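You are given structure tokens for the same protein chain in two forms, set apart as structure 1 and structure 2.
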Structure 1
């Protein structure tokens, strides 16, 4: 029943070492979900991360210690009720926030159950979850990047040619006075 010192120390050390190397830690209220739901969510995560992401229920007193042993701050608010943790150790972390977001939606669960967490070392609130979940893909962002970098040149060319468009437009705004 009781654990040995050497057992209670490494359990904590393992969790702490993991948290020192995560690009994502998202705190969720998973109470009420079934073992089958846990299986399903884990299956979706594995589909994109292999063993690079995990989702599991962890005793609050354990989460509190591991988070402190690592060097997190302002996390105490995420541990007010029985909490499960979603974390990514390998791979880009945004896809996993997207996956648990959709999953909770697919189960008609209250999205506020998805409290914030930490994304690449930065704290994020429950209100920011959707924003992370709605981010476009890396490929899409790369495409968007091209236009944003070119904006100064596009803006110059549009501004100058606009001078000519002004004339074209005013003439139509008079012609169609029919």
Structure 2
């Protein structure tokens, strides 16, 4: 059966409004996966996001109009063939990328089936999915920040003391030869 023009408009409007508030939109090829798999992926997502994340297979035409109206650009390359969409409306989005990345891995699926998307308003490619998926926890990040911020000072001491080490290194070298 055909959908009324009004029914279609409502679906497009709803989707468009959702994409206007999401912090992540990732496009995935979910062909071949079973309902059991869908159920498991959704469960892994919910355990971490509750209702803040969704994973739904959505017809390309619908996705296109919704993205178009939400004012997105350069997404057409992500809608070639049946495509499912993973989006986050509440909570930090990084963990959802990790979840679906590790799910495809557990299922032994081609990781290129994770086509790319938009993260916090920034477009990312398929190859970049791995980058996001492997990001360390926020806590680990905060920890690393301190040493990164101290680098200049750390580098100064290392450079000055390195002048003395060069003498030691070359003397050892001369001893090495013999």
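Rigid core: the largest C-alpha set superposing within 1.5 Å between the two forms. Residue numbers count along the first chain shown, from 1.
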- From the list 144, 122, 59, 80, return the one residue or range at the hinge between the rigid parts that rotate between structures 1 and 2. 144
- Query: Which angle, in degrees, describes the smaller rigid part turning against the larger between structures 1 and 2?
  - Reply: 10
- Query: Aligning on the rigid core, what is the distance the CA of residue 52 moves between structures 1 and 2, in angstrom?
  - Reply: 0.1
- With both forms put on the same core, how far apart in Å are the CA positions of residue 151 between structures 1 and 2? 1.8
- Note on the structure: Using a rigid core superposition, the C-alpha offset of residue 164 between structures 1 and 2 in Å is 5.1
